[PDB]
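Participant: Have a look at the structure that comes next, please.
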Number of protein chains: 6
Amino acid sequence: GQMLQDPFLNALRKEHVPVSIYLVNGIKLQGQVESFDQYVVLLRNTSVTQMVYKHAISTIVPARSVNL
Amino acid sequence: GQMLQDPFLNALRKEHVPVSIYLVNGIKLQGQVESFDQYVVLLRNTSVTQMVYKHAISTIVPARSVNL
Amino acid sequence: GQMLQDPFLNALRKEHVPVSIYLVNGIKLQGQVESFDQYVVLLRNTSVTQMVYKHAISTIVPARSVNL
Amino acid sequence: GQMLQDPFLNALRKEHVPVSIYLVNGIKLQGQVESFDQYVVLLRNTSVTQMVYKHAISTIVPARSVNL
Amino acid sequence: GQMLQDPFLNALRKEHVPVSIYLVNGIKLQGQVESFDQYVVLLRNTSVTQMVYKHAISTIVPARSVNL
Amino acid sequence: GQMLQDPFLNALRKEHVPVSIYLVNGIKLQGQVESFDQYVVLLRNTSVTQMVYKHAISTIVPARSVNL
């Protein structure tokens, strides 16, 4: 397939779907996708928006499946 | 050889073959390949479709060998 | 989205916002973003400015959210 | 030197030489190289052909040295 | 910012500043930067000059801050 | 500096200098550099020539410093 990453991330963003982001260091982040670009995902929780490098993301697990 | 990754992934996709995806952080995911693009594999289980970054995948082990 | 990484880093830089940088090896660095370029972030604490490779950064957590 | 990776992999492939592939996550795979492309090696054992991402391979140790 | 990595490394080199290089595998190297190129840093201690791949470097901590 | 990686590797190769190659997974390999290309180093010991991916190498420590 082609050009699926961004539809996925935009669907999480627009639909405000809670996600679990599992990093290569074993940390698991939880929040909403606020925005993203070529290299980063901005992830918002109750406290803060943090900047996550995609290269460090293993998998993004949403609370529910999204339509792309 | 040349251009084998996508035939493999498409064969898993079309044939609905259960896979084990072993990530660089030691997590092992199980499900079916729903779709994929340059950078990601969308992996479906009973619960959810998650987005897996290829850069974090070490090996994809199918339940049976596939024809490319 | 597009071109968000640098606005984020520049906002941390200009606003002098303390950050926690979580590396792929589990080290957590704390300080202020002094500068950055394509590949590195220069992070200043009480003692020193160190050069952090972006490829080794998992997430940058600011003490407060920033305006991009 | 130049253009050695593929001669090595093709020699393992054509000669059917058993290999140990050591991944960045510490897993050690054993089998024969079935095929390979820019990004992946297809590794066959008694049970299955699995798809191994080169980016996750640290070293490929053959049971015997190969002629390139 | 732009083009900061090399000024940093050259300043360590020219000024002979002792550094701690923290690798993604947790090893910490100590010595002086002898030279560097696109991909590597040559690090000298009492015993030897070793070749360190930048892709494996998380952070370079100097004994004192440098002028770029 | 510029174009140092290959002079280093070729000097180890031509001079037959024993090396320790430290991989990102913590494995330490020992032998002589037999050859190398853009992506791999072929490392020979008493038993075998193995193919090491540069992306998995953290540092190459020679038994003695080499002239580039």
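Chain labels follow the order of the structure tokens: the first chain is A, the next B, and so on; residue numbering restarts at 1 in every chain, and ligands are counted from 1 in their shown order.
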Would you kindly return, as a ChimeraX atom specification, each protein, DNA or RNA residue with an atom no farther than 9 Å from any atom of segment 40-56 of chain D, considering only C-alpha atoms and excluding same-chain residues fewer than 6 positions away?
Facilitator: /B:4-5,8,24,54-66 /D:9,22-25,29-34 /F:53,55-56
Participant: Determine which residues of chain D receive a DSSP assignment of strand (DSSP E or B), computed from the backbone, and state them as a PyMOL selection string.
Facilitator: chain D and resi 19-23+28-36+40-44+49-53+57-62
Participant: Mind checking DSSP for chain C and telling me the helix (DSSP H, G or I) residues as a ChimeraX atom specification?
Facilitator: /C:5-15,54-56
Participant: So that I can check the surroundings of residue 10 of chain D, please list as a VMD selection string every protein, DNA and RNA residue that reaches within 9 Å of it, counting only C-alpha atoms and ignoring chain neighbours fewer than 2 positions away.
Facilitator: (chain B and resid 1) or (chain D and resid 5 to 8 12 to 15 33 35 to 36 68)
Participant: Figure out the distance between atom CA of residue 27 of chain A and atom CA of residue 11 of chain A, please, to one decimal in Å.
Facilitator: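 We find that atom CA of residue 11 of chain A and atom CA of residue 27 of chain A lie 23.5 Å from each other.
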Participant: Work out how far apart atom CA of residue 26 of chain E and atom CA of residue 28 of chain C are and give it in Å to one decimal.
Facilitator: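 Distance between the two atoms: 12.6 Å.
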